[PDB]
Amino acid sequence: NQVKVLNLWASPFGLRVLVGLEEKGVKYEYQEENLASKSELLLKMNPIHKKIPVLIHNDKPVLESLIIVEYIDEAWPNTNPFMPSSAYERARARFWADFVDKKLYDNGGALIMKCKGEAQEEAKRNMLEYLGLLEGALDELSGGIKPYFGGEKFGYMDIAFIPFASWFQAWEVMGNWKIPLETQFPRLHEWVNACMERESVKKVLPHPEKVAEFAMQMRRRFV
């Protein structure tokens, strides 16, 4: 087949790509990579970053997950629109996906993984602040409409964010705490539960327990 995906099973960034592929109804090859022993294929396709995910479409590589998502939407444009119609809402969608990566993850969950003590508590403070902002972002982009970031339509932003729900338990485990979604962030809770009813998400999103084990394994490398 014309389409291949190189990924790490627990990576939210490639899970974006899989979810996106399924939503468009694309059949694809999947190759699991060991980042400790990377395929020459990955190095040939992503020599600059040497990172997953990689999407190979007709042996041409698409790199960096959000761009890949936009690529998928633009490469399979006849159905299932990820992007909004208006420019500004698209700008906001991009802004918020970017925000998910740079803040909720890079300046949140990653530090929960890597950090210890007051640093970790600070990471958790940050995570709550960001999830608050994202709870607000949901009502912003949805226009109050339920239950997705695209209201009734499951879109770019839903795709960018929902794989991190597979990481919540991991974050809870490594920070030894409880994330109060149901109470402090109910829209996101409902949204996750809603997203979990879709075929795509059920097909590709892994069990949180496994991710958590995996995350702990990775935490030991740090701390």
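The first residue of the sequence shown is number 1, and the count goes up from there.
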{"query": "Mean C-alpha B-factor comparison - 109-117 and 72-80, higher one", "finding": "109-117"}
{"query": "Stretch with the greater mean C-alpha B-factor as recorded in the entry, comparing 5-13 against 205-213", "finding": "205-213"}
{"query": "Relative C-alpha B-factor of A123, binned into the chain's lowest, middle or highest third", "finding": "highest"}
{"query": "Ranked against its chain, the third holding the CA B-factor of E152", "finding": "highest"}
{"query": "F185 - Cα temperature factor, lowest/middle/highest third of chain", "finding": "highest"}
{"query": "Among modelled residues of the same chain, the CA temperature factor third for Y28", "finding": "highest"}
{"query": "Chain thirds of CA B-factor: placement of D158", "finding": "lowest"}
